[PDB]
Every structure is written in structure tokens, then in C-alpha cells.
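The data below hold one chain only, encoded as C-alpha cells and taken in the form deposited in one PDB entry.
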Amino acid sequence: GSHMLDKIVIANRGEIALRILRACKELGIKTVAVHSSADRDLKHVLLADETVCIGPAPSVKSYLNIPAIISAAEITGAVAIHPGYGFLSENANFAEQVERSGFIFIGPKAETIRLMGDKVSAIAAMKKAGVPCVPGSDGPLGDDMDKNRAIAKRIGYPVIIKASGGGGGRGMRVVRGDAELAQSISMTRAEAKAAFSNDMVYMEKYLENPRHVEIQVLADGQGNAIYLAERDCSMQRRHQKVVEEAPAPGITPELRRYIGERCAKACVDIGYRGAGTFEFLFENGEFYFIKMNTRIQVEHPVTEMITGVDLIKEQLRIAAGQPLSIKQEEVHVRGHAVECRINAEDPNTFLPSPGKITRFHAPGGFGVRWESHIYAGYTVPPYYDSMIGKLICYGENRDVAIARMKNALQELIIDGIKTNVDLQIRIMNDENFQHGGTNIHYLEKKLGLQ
């Protein structure tokens, strides 16, 4: 009924903030938009019920200023805090503290975060859960080469020496023979201490031509948990996602209930609460666990489209104590979805291109979703990311979804800055892409990338 959150803090900014603001307004939740002195002009900022300047431009003082944010709630009387994605969404000390200050944290518990935060641990947990993992050391590599030489041989080359601190493409090394093993473990151990401040490392097999399939889940922490089909995010350029889609072409419903059900089991097993995502590498009709994003993702709209489920409301629902409103058997995968991220960037340098938007026009029409905070005379700052929007198109089928997307990319007008739009069009036109089922290496190589 109405055992809903009185007022929550939107501990974020940009498109994500707007989106969250939107779901708040539908549930009647009051909103407090905390922002940085430079985001005083954010769309979402202008629509919030209450606003608060937490700091200066630089993230470490604003968006990552834990106290500032936490105090912002105090003064406002909010009951919860929504991290969105990418700042502290995966920061357990912030979750910890939010809890400790007596606020609700729109996400799982800190314990769960740290748990999934450490690859090694993560892996062990899921191995246990029945979730399919990459074969590797099933532990931190030791220091005596002999055994390590043995791990490898067993799992077989090539391999990959991965640290447990995550990072994001940073802290990884590919070994293909016994000769480079030693160096690798070492190079990698060193890259980790410095970077994440955790030299711990694990070994696993390296996958050549796999796709990136991810499973969306939801848990209430009451015993319920559902999977919302998969998403294909193989469209990468330097680890940066560019094109997401649901469902994943080539994925049979059977397969879909396979990895899903176990993903659902794992959630329960770990006492998972809220939204979250299971990242899988996919080669040879086989799934392999890479990690777990204990949060809402940038690409969630695609999934809300093919399912009709509103992720954010659900998070908000779980957060307020409610049980899952939906049952697995009520979840039905319908049509096809494709999201193109829109970036403020230089198609040559791939470098951020900040500036003010002079002219702007958004595409509309059937099965077209525009997710962005930009407008005309809006100034995109240099401080934060390059993403300014999400262009999501729906269709009774893939080919339809694609067609719409082409049109949409054209009606789209963003003047006064550099954007990745041309690129999007080009992919849309990608004959390989039209066929589909391309690997995470496709973009990089077509881009004439070395």
C-alpha cells in the first residue's frame, strides 16, 4: 500500500539522478538533491523538492564527500539515501556509515558489498552457490611458483592473473606459457599494491572470443529473488561499454532459466538485498562468472523495456521493507531493446569534450526512450564523466529495435559540443552488428584499433 519512504537523498548526479528523481515522484517520495557547486544547473537539481550544496566541483569534495552527504540527510530529515551508480554505490564504508548514522541505504548491506567486492571471496561464494565460474586457483596465488606452475597447467594456458581489488581493467595480465608466469604474477602483484593497495592475486583461465552477458536480479532480503533475463554488453571500446541490449541474441529461454535460477539461488544464499547484476563471460554456450555489481547499472533501461519492470521503484520498494511485488513466473521477456550511450567526446581522441549546448532536440516516437538531463544552454562540465544521455529503442524484434535507433540517432540534435553519435550510427549500420552476436573484441578491432 503506502508504507513508503518519506524522503530520500539522491546521492548522485546526472541522468541517473534524474531517473531516480522520476521514480520518487511516482511513489510520492520527497527528494533532496545534493550537488556540487558546479552542478547547480542540473536538471534534476531544478526539479528536486529540496536542494543542498555539498561542495566544490571536484568529486572528492562533493560526490565522494561522505560526511557532507550524510550530513545533508541529517539536516533534511530524509530517511534514506540512494547512491545510484558509480560513486560510492560500491563503497562499503559509506554504506556502513549510512547505516551507522541511522539512515537507510538503498542497496545491500555493507558486509555483502565487501564480500562481492573481493573477487576471490566473491568467487568462492558463488562456487558454493552453484553459480558457474571461470576455472582458476580458487584462491589467492601463493608465493611458491611450483604450485602455481601447476595451477596453470591444470586450468591450462592461456591464463590471466587477476587481483581481487577490481579496479576496472587495471591489475590484469595474460600468461600463455610457463616462461612468463613468474614475471606476470610479480608485475601484477606490484600493479595491485600501488593501485588498490592489495597485492593479493588469483589465476583463472583467459577467454579468447567470449561475449559479455549479464543477468539482472532483484532480492528483497526476505527470501525472495528473481532474475530479469540477460543483457549483452559486448560492444566495448577500451573497456568502456557503448552498446547494451536485451535480450542477448542466441540465448534460449532454457539457457536463460539455467543461469537465472542459479543466480537467484545465489542471491538468497548470500542474503542479497536490492538490485544487482551478475556479469558473465560467454563462450561456447557456456557461462562463466566474472563478478557482481551490487548496484543498479547504467544499462538498466533495456531490461525494464523487455520486461515492463521498473527497477528503481523496486529498489525503493525493497528499501522501505516491502517484499518482491513480482514472482518469477510473472516475469516475461517481450520484444527487443538497444541502448546507445551518448557521450560528450571527441571521436578522434576519444577524449571528453565539455562545453555548452546551444541547440538540443530529442527524438520521440514509438518505442523510443530518452534518458538524459541535458537541455539547451546547458553546460557540460569537465569535472565528471562524459556521459550525457542514454538512447533506448524498443521493438517487437531486434531488427525493429535497430531500425528505430537509426532514425532516432538522426533526429537527435546536440549542438555546441562533440559527441559519439556518429559512432553510434556507424555501429547501427554495422553489418556484423545487424547479424549480431559479436564479441567484446569486435568494436576495438573494427575501429581499426591496435
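For every residue, the number given is its place in the sequence shown, counted from 1.
Between the stretches 7-15 and 422-430, it is 7-15 that shows the larger average CA temperature factor.
Comparing 167-175 with 112-120, the higher mean C-alpha B-factor in the PDB entry belongs to 167-175.
Of the candidates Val298, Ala320, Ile306, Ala248, the PDB record gives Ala248 the highest C-alpha temperature factor.
Per the PDB entry, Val32 shows the highest C-alpha temperature factor of the residues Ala38, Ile417, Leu47, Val32.
The entry lists a Cα temperature factor for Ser62 that places it in the highest third of the chain's modelled residues.
Ranked by Cα temperature factor within the chain, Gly389 sits in the lowest third according to the deposited record. Placement of the Cα temperature factor of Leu27 within the chain: lowest third of the modelled residues, per the deposited record. Looking at the C-alpha B-factors along this chain, the one for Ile70 belongs to the highest third. In the deposited entry, the Cα temperature factor of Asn343 sits in the bottom third of values across the chain's modelled residues.
FYI, the form solved in complex with a partner chain isn't displayed, but the following is about it.
The chain is drawn here without its partner chain; in the bound PDB entry, the stretch among 215-223, 273-281, 84-92, 376-384 whose residues come within 4.5 Å of it by any heavy atom is 376-384.
Remark: none of the three candidate residues (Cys233, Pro247 and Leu255) comes within 4.5 Å of its partner chain in the bound PDB entry, counting heavy atoms only. Think of it this way: in the bound PDB entry, its partner chain has a heavy atom of just one of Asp178, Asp138, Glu96, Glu74 within 4.5 Å, and the residue is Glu74.
Of the residues given (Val421, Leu391, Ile54, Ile414), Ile54 alone sits with a heavy atom within 4.5 Å of its partner chain in the bound PDB entry. Remark: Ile70 counts among the residues lining its partner chain in the bound PDB entry, judged by a heavy atom distance of 4.5 Å or less. Its partner chain in the bound PDB entry comes within 4.5 Å of no heavy atom belonging to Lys147.
In the bound PDB entry, its partner chain lies farther than 4.5 Å from every heavy atom of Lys327. Heavy atoms of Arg154 never reach within 4.5 Å of its partner chain in the bound PDB entry, leaving it off the interface.
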